[PDB]
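The structure appears right after this line, and notes come after that.
Basis for what follows: all heavy atoms, side chains included, without hydrogens, waters or symmetry-related copies. Counting starts at 1 for both ligands and their atoms, following the listed order. Counting from 1, the numbers follow the sequence of the chain as shown.
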Amino acid sequence: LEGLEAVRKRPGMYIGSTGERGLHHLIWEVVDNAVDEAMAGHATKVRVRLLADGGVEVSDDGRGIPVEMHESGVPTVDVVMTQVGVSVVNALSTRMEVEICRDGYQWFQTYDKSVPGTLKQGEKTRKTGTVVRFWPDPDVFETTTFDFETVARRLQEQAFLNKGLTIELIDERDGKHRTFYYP
Ligand SMILES: CNc1cc(F)cc2c1[nH]c1nc(Oc3cnc(C)nc3)nc(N3C[C@@H]4[C@@H](N)[C@@H]4C3)c12
Ligand SMILES: [Zn+2]
Ligand SMILES: [Zn+2]
Ligand SMILES: [Zn+2]
């Protein structure tokens, strides 16, 4: 967790600012990982929800973040959320939730002020994919309001670059919705 403490100590080092543009770094990172699964993991659908409480949910129907034991002796999902680019989202969020469908099972993990909980094996499923929820820390960010039009423009770009990918955007704050798809 030394990397995460470094991000929390100097957030602007990692996301440039703690204003609106800094806040949107977090949604870009999680969206990017979901969209990466379209080229790499045969995902057909990405969904982004702007939650009523300021949180964000991103989901894909890709391979699912690996849950197998990493060489560092913890589930790979914990390595991802502490070491890869998306670990900045974990560092600067009060909490994150991860749901994974892979290897014939649902899996659930939580991060509480970036600290991993205990990976839980849930029910059997033939489905695959990943859901990440995160709640930006208002102690870090001078604004916590995501901009629907800013997010829409990024998702339209990502649909155009990933032909056949459906991207759904839902604003739970006001009900606005958009679906992006290029054949
Ligand atoms: C909402 N969707 C979402 C959010 C998120 F924060 C991270 C991921 C994600 N979907 C993901 N899907 C996968 O499937 C993979 C990738 N590679 C292999 C070998 N197996 C399965 N892997 C993921 N990750 C591990 C590593 C990627 N290069 C990063 C992130 C993410
Ligand atoms: Zn990427
Ligand atoms: Zn493949
Ligand atoms: Zn596949």
Side-chain angles (χ1 to χ4, degrees), residues 3-4 6-7 11-17 20-44 46-50 55-70 72 75-93 96-109 111 114 116 119 121-136 146-147 150-169 178-183:
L4 300 195
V7 176
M13 194 167 141
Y14 293 88
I15 61 165
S17 74
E20 189 171 349
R21 178 179 176 80
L23 180 73
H24 285 79
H25 276 65
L26 271 51
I27 195 166
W28 300 151
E29 196 59 30
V30 178
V31 163
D32 173 74
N33 279 287
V35 172
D36 285 349
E37 276 311 285
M39 282 300 181
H42 336 293
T44 72
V46 171
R47 182 188 280 186
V48 177
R49 297 196 307 121
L50 304 185
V56 172
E57 179 191 277
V58 184
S59 59
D60 68 69
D61 65 339
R63 289 168 291 179
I65 303 171
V67 293
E68 63 183 357
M69 288 295 279
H70 185 263
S72 60
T76 298
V77 55
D78 289 350
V79 171
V80 167
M81 288 309 171
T82 61
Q83 316 296 322
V84 167
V86 68
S87 72
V88 171
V89 180
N90 186 27
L92 301 183
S93 290
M96 300 201 355
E97 288 177 4
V98 183
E99 303 178 1
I100 300 156
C101 293
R102 70 174 283 131
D103 303 324
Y105 287 93
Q106 299 184 356
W107 309 83
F108 184 60
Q109 180 57 307
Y111 302 86
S114 84
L119 180 64
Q121 184 190 24
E123 288 260 79
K124 288 174 179 175
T125 186
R126 296 203 184 85
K127 300 182 176 52
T128 64
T130 299
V131 184
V132 174
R133 291 179 203 100
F134 66 96
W135 292 270
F146 288 95
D147 186 84
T150 297
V151 174
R153 279 200 312 275
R154 175 60 61 92
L155 302 182
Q156 188 183 353
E157 176 202 60
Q158 292 305 306
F160 180 77
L161 295 175
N162 290 275
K163 297 307 209 268
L165 179 64
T166 297
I167 310 179
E168 182 175 26
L169 171 62
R178 284 197 200 158
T179 301
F180 307 96
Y181 172 81
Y182 288 91

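Side-chain contact between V98 and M81: present, with at least one pair of heavy atoms (C-beta onward) separated by less than 4.5 Å.
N90 contributes a side-chain N or O that, together with a main-chain N or O of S114, makes up a donor-acceptor pair within less than 3.5 Å. Judged purely by atom type and a 3.5 angstrom limit, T125 has no side-chain atom pairing as donor or acceptor with the backbone of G104.
With rounding to the nearest 0.5 angstrom, the CD1 atom of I100 is 8.0 Å from the CZ atom of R102.
In summary, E99 and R133 engage in a salt bridge, as defined by a charged side-chain N under 4.0 Å from a carboxylate O.
When each of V77, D78, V79 is checked for a side chain to side chain contact (heavy atoms under 4.5 Å, CB included) with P116, only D78 meets the rule.
Minimum-distance N/O/S atom of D32 relative to the Zn ion (ligand 2): OD2. For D36, the N/O/S atom at the shortest distance from the Zn ion (ligand 2) is named OD2.
Only protein N, O or S atoms were considered, and those under 2.8 Å from the Zn ion (ligand 3) are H42 NE2.
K163 is linked by a side chain to side chain contact (heavy atoms under 4.5 Å, CB included) to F160, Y182, counting only residues two or more places apart in sequence or in another chain.
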